[PDB]
Amino acid sequence: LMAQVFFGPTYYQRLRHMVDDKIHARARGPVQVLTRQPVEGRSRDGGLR
Amino acid sequence: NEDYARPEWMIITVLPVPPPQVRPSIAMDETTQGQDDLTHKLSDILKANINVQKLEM
RNA sequence: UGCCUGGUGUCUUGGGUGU
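Here the protein sequences line up with chains B and A, keeping their order.
Counting in the deposited numbering, the final residue of the first sequence is number 1129, and the numbers go up one at a time with none missing.
Counting in the deposited numbering, the final residue of the second sequence is number 282, and the numbers go up one at a time with none missing.
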């Protein structure tokens, strides 16, 4: 490489936010009883606002 | 407006009772379901109406 | 011939994520 590279060990930490705990998709599913709109929440297979 | 908004209609003499779709009940657990707030308020209103009718006669 | 199932609380609160 034409440019030299800064290089060495550094202390890194893994945070709790992982993509597989955030990915969510919905085509159709449960709806609220009062308004008949998609429920809220990824855990409940909800929709996006 | 004579046809649509008559002044004496601002005093309630008959109350419309909404269908259960407006005040749905919720099953709190597997056995006991919960009455909605509007249902309880309508029950209180109807009890007061019955009380007035009974007292008057 | 012994024949197969979709149906999911609510209200508060608290802590967080990205701006």
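Yeah, the Cβ is synthetic: ideal placement off N, Cα and C, and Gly gets one too.
- According to the DSSP assignment, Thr264 of chain A belongs to the alpha helix (DSSP H) that extends over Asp262 to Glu281.
- The three-state reading of DSSP puts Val1085 of chain B in coil, since its state is none of H, G, I, E or B.
- Residue nearest to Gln246 of chain A within the set B:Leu1081, B:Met1082, B:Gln1112 and B:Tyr1091 is B:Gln1112 (criterion: CA-CA distance).
- For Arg1106 of chain B against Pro1118 of chain B, the beta-carbon gap comes to about 7 Å, under 8 Å, which counts as contact.
- Remark: C-beta atoms of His1097 of chain B and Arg1122 of chain B do not approach each other more closely than 8 Å.
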